[PDB]
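Residues per chain are reported as follows:
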Amino acid sequence: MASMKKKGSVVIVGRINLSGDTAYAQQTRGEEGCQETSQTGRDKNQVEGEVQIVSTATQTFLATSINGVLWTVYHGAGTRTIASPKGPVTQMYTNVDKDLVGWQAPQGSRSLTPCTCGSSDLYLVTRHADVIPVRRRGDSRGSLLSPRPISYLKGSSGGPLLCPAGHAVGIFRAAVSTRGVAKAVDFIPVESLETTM
Ligand SMILES: COc1ccc2nc(C)c(O[C@@H]3C[C@H]4C(=O)N[C@]5(C(=O)NS(=O)(=O)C6(C)CC6)C[C@H]5/C=C\CCCCC[C@H](NC(=O)OC5(C)CCC5)C(=O)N4C3)nc2c1
Ligand SMILES: [Zn+2]
C-alpha cells in the first residue's frame, strides 16, 4: 500500500488558434515540462483560446471549452485530474457511457457557444489545425467530404465539430474507417453535453 503510485494529471501543452484568418497549432509546453506538470498537477502557464492540446504521460489529444466546461474524451483522460495554477482539479463531469469527461474551463480560456442552428454542414478541427468539412449524417455521425487515412485524425479526439457560424455542434470521439481510410466520424453531440450539465 505504501508503494502505490498515483496517476498524473492531464496537462495543457498547446492550443489550436482559431483567432484570425488562419488556423494553426501553437505549443505552449514541451515534453519535459509536461511530464513534470503531470506529476505535480501545478500548471502556471496562461491558457488562451477554445481548443486546447492536452497530454498525459502516455497519450495526447484535444479538449474543447463549451459553456464554461473544458470537455474531452474518457478514453484519453480517464478519471484524471487536470493540472492548474493551484494544483490538480477534479473532474466536474465523468460519463464513460458517452466517452465524456469535463472540468471547469480554465481561467483565460474562451468558450464556444452551443449551436442552435440545426445545420448539417460541419467542420472538424484537428490537432494539426486542419479544418475538415464534415456532412452531418445522424445525431452522432458525420461523413468526411474528403476521406483520408485515419492517421490524420489520430490524436484529435476531444476536438470540436463546428457549424458554419462557429458554434459547437459536438466533440470528436471516434473515426469510422475502411482499409485505414476515415470515411466518417462519431462525435458527442453538444445536446448530450448540455443535458449532462
Ligand atoms: C476506456 O473507456 C472508454 C469509454 C467509452 C469509449 N467509446 C469509444 C467510441 C472508444 O473508441 C476508442 C477510442 C477511439 C479513438 O481512437 N478516437 C479518436 C482519437 O483520436 N483518439 S486519440 O486522441 O488518438 C487517443 C487514444 C486519446 C489518445 C478520434 C480517433 C482517431 C483515429 C481512429 C484510430 C483507430 C481507432 C478507430 C476507433 N473507431 C471506432 O471505435 O468507431 C466506432 C465503432 C465507435 C463508434 C463507431 C476509434 O476511433 N476509437 C477507439 N473508446 C472508449 C473507451
Ligand atoms: Zn450553429
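How each quantity is defined
- Note on numbering: positions run from 1 along each chain as its sequence is written and may not match the entry's numbering; residues without coordinates are not listed.
- Chain letters and ligand numbers both follow the written order, the letters beginning at A and the numbers at 1.
- Note: side-chain values were computed over all heavy atoms of the structure, leaving out hydrogens and water.
- Residues with missing side-chain atoms are left out of burial classes, side-chain pairs and their counts.
- As a rule, N, O and S atoms within 2.8 Å of a metal are its donors, except that Na, K and Ca use 3.2 Å; water is not among the atoms, so sites may look incomplete.
- Tetrahedral means four donors with every angle between 85 and 135 degrees, whereas square planar (four donors) and octahedral (six donors) require angles over 155 degrees between opposite donors and between 65 and 115 for all others; sites fitting neither are termed irregular.
- In this text, helices come from DSSP runs of H or I with a minimum length of four residues, and strands from runs of E with a minimum of two, each type numbered from the N-terminal end.
- Each residue's exposure class comes from its accessible area (1.4 Å probe, protein chains only) as a fraction of the maximum for that residue type: buried when under 20%, exposed when over 50%, partly exposed otherwise.
- Whether a residue is near a molecule or strand depends on its heavy atoms: if one lies within 4 Å, it is near.
- Contacts described as polar in this section are N or O atom pairs within 3.5 Å, which, within protein, must combine one atom able to donate a hydrogen with one able to accept it, while residues neighboring in sequence count only if both atoms come from side chains.
- All accessible-area figures derive from a Shrake-Rupley calculation using a 1.4 Å probe, and residue coverage is judged against the displayed protein chains alone.
- The nonpolar class holds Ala, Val, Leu, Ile, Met, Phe, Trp, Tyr, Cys and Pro. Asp, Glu, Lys and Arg form the charged class, and all remaining residues, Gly among them, are polar.
- Boundary definitions for the domains trace back to an automatic or database domain assignment.
- Here the quantity called buried area is the accessible surface, traced with a 1.4 Å probe, that two parts lose on coming together, added over both.
- UniProt positions are given in the numbering used here, feature names are shortened, and annotations may be inferred rather than shown by experiment.
- Should any heavy atoms of two residues lie within 4.5 Å, those residues are counted as being in contact.
- Residues grouped as a nonpolar core are buried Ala, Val, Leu, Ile, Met, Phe, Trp, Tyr and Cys residues, joined through side-chain atoms within 4.5 Å.
- In this scheme, strands are said to pair when DSSP sees at least two bridges between them.
- Between N-to-C directions, angles span 0 to 180 degrees; the directions come from axes that are lines fitted to C-alpha atoms, helices contributing only their stretch in contact.

### Here we look at the coordination of the zinc ion (ligand 2)
Here is step 1: The coordination sphere of the zinc ion (ligand 2), as far as protein atoms go, consists of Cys 115 (SG), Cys 117 (SG), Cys 163 (SG) and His 167 (ND1), spread over 2.2 to 2.4 Å.
Here is step 2: Viewed at the metal, the 4 donor atoms of the zinc ion (ligand 2) are separated by angles of 92 to 126°, and the geometry they form is tetrahedral.
Here is step 3: Mapped onto the polypeptide sequence, the residues donating to the zinc ion (ligand 2) form the spacing pattern C-x1-C-x45-C-x3-H. Of this pair, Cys 117 sits in the loop between β7 (100–104) and β8 (121–125) while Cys 163 sits in the loop between β11 (160–162) and β12 (168–178); the two residues are 46 residues apart in sequence, bridging distant segments of the chain.
Here is step 4: We classify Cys 163 as buried; its relative accessible area is 3%.

### Remarks on the site of ligand 1
Here is step 1: Neighbouring residues of ligand 1: 21 residues in total, closest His 75, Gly 155, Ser 157, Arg 173 and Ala 175.
Here is step 2: Here a nitrogen atom of ligand 1 and a backbone polar atom of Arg 173 are 2.8 Å apart.
Here is step 3: A distance of 2.9 Å is found between a nitrogen atom of ligand 1 and a backbone nitrogen or oxygen belonging to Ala 175.
Here is step 4: Protein chains shield 62% of the accessible area of ligand 1, which is 990 Å² for the free molecule.
Here is step 5: Looking at the shell around ligand 1, the elements with two or more residues in it are β4 (60–66), α2 (74–77) and β12.
Here is step 6: If you tally residues by element for the shell around ligand 1, the top one is β12, at 5 residues.
Here is step 7: Partitioning the shell around ligand 1 into residue classes produces 9 nonpolar, 7 polar and 5 charged.

### So, the domain arrangement of the protein chain
Here is step 1: Looking at the protein chain, the domain boundaries give domain 1 (14–104) and domain 2 (121–196).
Here is step 2: Distance from the C-alpha centre of domain 1 to the C-alpha centre of domain 2: 18 Å.
Here is step 3: Between domain 1 and domain 2 the total buried area reaches about 1,700 Å² when both faces are included, carbon and sulfur atoms providing 68% of it.
Here is step 4: Broken down residue by residue, the surface that domain 1 buries against domain 2 is led by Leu 62, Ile 66 and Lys 98, which jointly contribute 31%.

### Thoughts on the UniProt feature "binding site: Zn(2+)" (unreviewed entry) in the protein chain
Here is step 1: Under the feature "binding site: Zn(2+)" (unreviewed entry), the UniProt entry names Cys 115, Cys 117, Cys 163 and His 167. Spatially, the listed residues are clustered: although they cover 53 residues, their C-alpha atoms lie within 8.5 Å of one another.
Here is step 2: By relative accessible area, which is 44% here, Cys 117 ends up partly exposed.
Here is step 3: When residues no more than four places from it in sequence are discounted, the contact partners of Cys 117 are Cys 163 and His 167.
Here is step 4: Here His 167 is to be found in the loop between β11 and β12.

### Description of the nonpolar core
Here is step 1: Formed by 22 residues in total, the largest nonpolar core has its most connected members in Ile 16, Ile 66, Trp 71, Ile 171 and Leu 193.
Here is step 2: For this core, the elements supplying multiple residues, two or more each, are β1 (11–17), β3 (51–55), β4, β5 (69–73), β12 and α3 (190–196).
Here is step 3: Within the second largest apolar cluster, 14 residues are counted, among which are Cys 115, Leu 153, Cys 163 and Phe 187.

### Brief notes about the sheet that holds strand β10 (residues 141–149)
Here is step 1: Here we have 6 strands rolled up into a closed barrel, ordered β8-β9-β10-β13-β12-β11, and antiparallel in their pairing. For this sheet, the mean angle separating the axes of adjacent strands, direction not counted, is 40°.
Here is step 2: Alignment of strand β9 (residues 131–136) against β10, held across 3 bridges, turns out to be antiparallel. Bridge pairing in β10 places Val 134 opposite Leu 144.

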